[PDB]
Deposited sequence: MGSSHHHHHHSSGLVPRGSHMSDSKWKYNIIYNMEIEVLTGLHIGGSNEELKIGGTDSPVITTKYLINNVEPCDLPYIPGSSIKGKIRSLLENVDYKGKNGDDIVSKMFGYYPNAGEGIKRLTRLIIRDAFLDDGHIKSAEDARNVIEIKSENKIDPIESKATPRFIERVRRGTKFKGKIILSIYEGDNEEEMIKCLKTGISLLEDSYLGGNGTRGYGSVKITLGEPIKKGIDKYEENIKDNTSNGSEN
């Protein structure tokens, strides 16, 4: 039986140049910049965050308060955790030329695209809570997974120093059946 969803308005700040692949470009999608101009701009796929956090917890052998596989129960072997695609906070992005200033071309002698340090992504995380679930343990498993990621990296070329990320969850919003009406 379902209790409520916990909603997190997550923010992802790029600390070192971030490369999530699609010369190798980063994955992009169409934005309407300044509510006028169509522009292809980076986004962070939810699969990248969820897959990276999951692999990090499996590397540290994260188990629940007992021996339970909370990692499997949350991230999947009924859905308990969605991490959606995150899109650019277009807060200081007012023209298509301001847009892909966001992207740096970095040589390594191929040329790799990266999302420059300081760009911010906004995305939702939805946690579904059912009766019999340990909400505090699930949040904790999510939090320390985020902690693991910040001492690691998103995307590729992390050995080269790419993809250091600061993840900020807001305060949790609990929505029960009442709030959906």
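Numbering the deposited sequence from 1, which residue ranges have no coordinates here?
-> Holes in the chain trace, numbered from 1: 1-24, 47-56, 112-121, 153-163, 237-249.
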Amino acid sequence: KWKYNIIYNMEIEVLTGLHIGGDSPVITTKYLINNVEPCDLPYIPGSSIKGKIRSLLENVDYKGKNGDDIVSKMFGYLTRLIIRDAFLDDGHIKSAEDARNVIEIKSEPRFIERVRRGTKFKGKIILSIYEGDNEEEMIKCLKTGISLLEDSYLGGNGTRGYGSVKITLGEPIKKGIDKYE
From here on, numbers count along this sequence of modelled residues.
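Tell me which of 39-47 and 127-135 has the higher mean C-alpha B-factor in the deposited entry.
-> It is 127-135.
For the C-alpha atoms alone, is the average B factor greater in 58-66 or in 109-117, going by the entry?
-> According to the entry, 58-66 carries the higher average C-alpha B-factor.
Name the residue from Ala96, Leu81, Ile103, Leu88 with the greatest C-alpha temperature factor listed in the entry.
-> Highest C-alpha B-factor among the listed options: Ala96.
Taking the C-alpha B-factors as the PDB entry records them, is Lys143 in the lowest, middle or highest third of its chain?
-> Lowest third, going by the recorded CA B-factors of the chain.
CA B-factor placement of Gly21, once the chain's modelled residues are sorted into thirds | Its C-alpha B-factor belongs to the lowest third of this chain's values.
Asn34's Cα B-factor: lowest, middle or highest third of the chain?
-> For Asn34, the deposited C-alpha B-factor lands in the highest third.
Divide the modelled residues of the chain into thirds by Cα B-factor and specify which third, lowest, middle or highest, holds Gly163.
-> Lowest third, going by the recorded CA B-factors of the chain.
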